[PDB]
Amino acid sequence: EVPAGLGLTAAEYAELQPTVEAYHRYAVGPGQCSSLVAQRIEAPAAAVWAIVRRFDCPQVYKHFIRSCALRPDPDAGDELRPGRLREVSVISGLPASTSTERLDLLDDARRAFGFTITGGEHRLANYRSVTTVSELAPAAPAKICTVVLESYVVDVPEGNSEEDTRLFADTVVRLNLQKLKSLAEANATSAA
Ligand SMILES: CC1=CC(=O)CC(C)(C)[C@@]1(O)/C=C/C(C)=C\C(=O)O
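For what it's worth, the authors' numbering labels the leading residue of the sequence shown as 11, then goes sequentially.
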């Protein structure tokens, strides 16, 4: 029952399906499309999640982001609560110059993250994203495998097709996850 084109095996998806059925699901309207991307990372689940949970600094693992600035505190000092907004700057030439994104879900216990795009300069509208970090622990002593799942839903512009939009989003998402992998694996190598 593994969704087509995912990148995860049957044994792996069987464990992750509760996390898939809980955090990654969407109601897709005629002018919308959704997708789900998986990334395997060889690194502890805490290290990967520690990078992902930082809403203030997405430019660390996110490929096309030159700089980012977080909006000042509406009465929350030490912790980033859901409802916070950030303003993201993107490299030149891309469909988007800049984006304003809001924190939707941050759960440290269940290791789930999410955010929505409100406004800015870009073609993609109403982009909702959910990122979960999951640990697959072998009963016998094997290497560490952490699986990151990131799903989204987005509106398709009237001039753009569904593939062209989805291919673009999948591309950005995977470059983000490949960087997160590269980063967390280099950090997990030096520590022990
Ligand atoms: C790099 C870039 C180019 C655009 O045209 C749209 C937008 C500004 C939203 C974007 O930041 C896309 C970000 C995506 C798809 C996922 C994310 O970051 O989690």
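For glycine and all other residues, C-beta sits at the position ideal for the given N, C-alpha and C.
Cβ shell of residue i (< 8 Å), same chain only, five flanking positions each side left out
| i | result |
| --- | --- |
| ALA106 | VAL100, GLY130, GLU131, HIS132, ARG133, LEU134 |
| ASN170 | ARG133 |
| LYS153 | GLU52 |
| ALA198 | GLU52, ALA53, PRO54, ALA57, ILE154 |
| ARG96 | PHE65, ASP66, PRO68, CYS78, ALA79, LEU80, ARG81, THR110, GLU111, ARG112, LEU113 |
| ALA86 | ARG94 |
One or two residues paired with residue i in a DSSP bridge
| i | result |
| --- | --- |
| residue 205 | Outside the modelled stretch of the chain, which goes from 11 to 202, sits residue 205, for which no answer is possible. |
| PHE123 | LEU116, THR141 |
| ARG50 | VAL157 |
| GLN27 | In the DSSP output, where bridge partners are listed per residue, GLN27 has none listed. |
| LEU146 | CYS155 |
| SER45 | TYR162 |
| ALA135 | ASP165 |
Close beta carbons around residue i, own chain, < 6 Å, minus the five adjacent residues each side
| i | result |
| --- | --- |
| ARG121 | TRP59, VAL143 |
| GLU22 | none |
| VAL140 | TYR33, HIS34, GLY124, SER161 |
| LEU16 | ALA48 |
| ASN136 | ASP165 |
| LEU185 | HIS73 |
| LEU18 | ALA48 |
Short Cβ contact (7 Å threshold) for residue i with residue j
| i | j | result |
| --- | --- | --- |
| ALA194 | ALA53 | yes |
| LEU113 | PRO92 | yes |
| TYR36 | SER44 | yes |
| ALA20 | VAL12 | yes |
Inter-residue CB distance, residue i and residue j (contact presumed, cutoff 8 Å)
| i | j | result |
| --- | --- | --- |
| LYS189 | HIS73 | 6 Å |
| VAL158 | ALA179 | At roughly 16 Å, the Cβ-Cβ gap does not stay under 8 Å, so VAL158 and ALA179 are not in contact. |
| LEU187 | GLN49 | 4 Å |
| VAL38 | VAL183 | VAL38 to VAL183, Cβ: 17 Å. No contact. |
| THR156 | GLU145 | 6 Å |
| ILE75 | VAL98 | 6 Å |
First through last residue of the beta strand (DSSP E) which encompasses residue i
| i | result |
| --- | --- |
| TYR162 | 155-165 |
| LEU80 | 75-80 |
Limits of the alpha helix (DSSP H) - the one that residue i falls within
| i | result |
| --- | --- |
| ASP66 | That residue, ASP66, is in no alpha helix (DSSP H); it is neither H nor E in DSSP. |
| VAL12 | Unbroken run through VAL12: none, as it is neither H nor E. |
| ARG176 | 172-201 |
| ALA56 | 55-62 |
Spatial neighbours of residue i in its chain, beta-carbon cut-off 7 Å, leaving aside the 5 residues before and after
| i | result |
| --- | --- |
| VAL166 | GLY41, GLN42, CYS43, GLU172, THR175 |
| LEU104 | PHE74 |
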